[PDB]
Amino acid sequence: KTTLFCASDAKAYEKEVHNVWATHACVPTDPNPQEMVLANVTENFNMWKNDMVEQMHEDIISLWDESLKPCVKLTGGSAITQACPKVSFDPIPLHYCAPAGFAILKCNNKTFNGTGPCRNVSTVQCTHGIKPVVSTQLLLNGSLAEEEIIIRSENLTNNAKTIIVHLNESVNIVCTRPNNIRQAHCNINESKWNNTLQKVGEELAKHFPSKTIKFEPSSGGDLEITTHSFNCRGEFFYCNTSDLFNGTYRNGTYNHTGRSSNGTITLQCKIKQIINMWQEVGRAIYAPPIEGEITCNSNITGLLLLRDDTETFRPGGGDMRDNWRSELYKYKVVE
């Protein structure tokens, strides 16, 4: 309803670019945060219509402008060139705070789906620390649901609406370009992936009860959304997930159709230079990869899915606002 401000442990000393941006965009985190439980009250929320999401989106666009400058930016006919140094890039958590006269209501219901009424409600000055992690298909390094896997959607019957799966247990994904210089790969332990998809299939089954639940790779589109794309220490990884979203959940049981090897699914990745931008319609060109071993060890904490008897789910993404919603879903600004 108003304009928020951000708070962070960004440090002076870092040249890591999230730290720099936060040092002159945010105020320091309050060591002593106040929170007010009101477990009787009940109010409504709508994670799909939440202007904290737009405010954070604009912040992260600004952060990426200042921090990950492309050598060339193409928007339509016009090309902007500027220096594109390699930088140290590691997202840090950001808190969104309501200014004087306003508060932030947090919904305390462990299983709240992001929509409708919520009984146990607190009031706080700032959100928890949210790392602004840009990615598609898999949500990385978020915070897990406390109880059961949660299915979030603006409208589950409308198959054009992105589904956000909030995981209650993280799944490790290690992606590495080892010492082709654009060849990389990610390793996921097939045991845990098997489990979490068994559980996601269970919850989806509750919402589509007659049907068989199939997971399948992304149909089509730009590489950014048909692969699991993300930024790892400045470099843009594009990781094939057809061995990942590839399985059937039938009779209360999940069976993985994807191919593994000695207990691990391995995704084949490329580090790319020409990027379809998430900030706006346009292209960005960056310099070739830094040297040595580029490795990110991340937690998968959620999924972005799109629904096509049988119901069929494929990985989605492309609108980074859904990434922010997945963390902001339980907050509302008031007063």
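The numbering used is simple: start at 1 and walk along the sequence shown. Only the largest set of C-alpha atoms that superpose within 1.5 Å between the two forms is called the rigid core.
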task = Determine, for 272-280 and 37-45, which one has C-alphas that on average lie farther from this form in 8 other deposited structures of this protein; superpose on the rigid core first.
result = 37-45
Stretch with greater C-alpha deviation in 8 other deposited structures of this protein, 108-116 versus 76-84 (rigid core superposition) = 76-84
note = Residues of the deposited chain absent from the coordinates between residue 179 and residue 180 total 4 to 9
inquiry  = Between residue 30 and residue 31, what class does the number of missing deposited residues fall in: none, 1 to 3, 4 to 9, or 10 or more?
reply    = none
message = Comparing average C-alpha B factors as deposited, tell me which of 152-160 and 252-260 sits higher.
response = 252-260
Residue stretch of maximal mean CA temperature factor, 40-48 vs 295-303 = 40-48
query = Going by the deposited entry, which of 142, 77, 85, 129 has the highest CA temperature factor?
reply = 77
remark   = Listed options 242, 170, 125, 229: highest C-alpha B factor recorded at 125
ask   = If you rank every modelled residue in this chain by C-alpha B factor, which third holds residue 35: lowest, middle or highest?
value = highest
note = On the chain's distribution of Cα B-factors, residue 13 falls within the third called highest
inquiry  = Lowest, middle or highest third: which one holds residue 147 when the chain's residues are ordered by CA B-factor from the entry?
reply    = highest
Where the record places residue 236 (Cα B-factor, split into thirds across the chain) = lowest
Ranked against its chain, the third holding the CA B-factor of residue 280 = lowest
